[PDB]
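Listed next as structure tokens is one chain, alone, in the form deposited in one PDB entry.
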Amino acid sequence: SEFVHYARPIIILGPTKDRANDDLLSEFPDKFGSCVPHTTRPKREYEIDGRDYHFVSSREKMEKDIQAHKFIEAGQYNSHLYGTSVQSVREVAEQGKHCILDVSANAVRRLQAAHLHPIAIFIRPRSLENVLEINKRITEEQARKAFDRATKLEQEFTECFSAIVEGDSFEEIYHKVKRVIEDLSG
């Protein structure tokens, strides 16, 4: 443990977080990776089990694993369960790549409780108009909604974010994001 250090999984929250998640995996494929989630949906014939998803045969068993606290974030969509498991985050991180995560803010303590202490970054907009600045592809109704949801997220989870990132542009946001990971890399 003194010589080799596991790569800390990464949870970026807030406006443009998916654009940051896309960009980081693109810019450094050997440093950042994605983890395979489980679903109870049946696979299409071009989806590859164990690589695109882990396809769960017994849907009854997935909720047994969910109640055994085997997932950090679970969910349903179109009648099918979805979820990132703890073992799927450990597999990326043990390759020493930072695992890029689409989890809610609630998954931070469960990763911590599982000792996979993530870098939790909150992108914080400074106004409605500021959301319009760092995301020039949303309508005001989407911006106002983006701004309120951000406000509630900081109120409830401000204490679990390793860094809060601000800027007048995604370029500025994305720079500071990359540097937080540098200063918390290890």
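Take the two forms, superpose them, and find the largest set of C-alpha atoms that agree within 1.5 Å; that set is the rigid core. Residue numbers run from 1 along the displayed sequence.
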Of 34 to 42 and 133 to 141, the stretch whose C-alpha atoms average the higher B-factor in the entry: 133 to 141
Higher-B stretch (mean Cα B-factor, as the entry records it), 169 to 177 or 5 to 13: 5 to 13
Using the entry's values, work out which of 27, 148, 47, 60 has the largest Cα B factor. 60
Checking the record values for 126, 117, 54, 70, which has the greatest CA B factor? 117
Entry-reported C-alpha B-factor of residue 91 relative to its chain, by third, is middle
Just say lowest, middle or highest third for the CA B-factor of residue 113 relative to the other modelled residues in its chain. highest
Rank-wise, by C-alpha B-factor, drop residue 101 into the lowest, middle or highest third of its chain. middle
Taking the entry's C-alpha B-factors for this chain, is residue 84 in the lowest, middle or highest third? lowest
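Beyond the structure shown, there is the form deposited in another entry, which is absent from this document and is the topic of what follows.
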For residue 75, state whether the C-alpha moves by 2 Å or more between the shown form and the other one after rigid core superposition. yes
Residue 148 C-alpha moves between the shown form and the other one by 2 Å or more, core aligned: no
Once you line up the core, how about residue 47: does its CA shift reach 2 Å between the shown form and the other one? yes
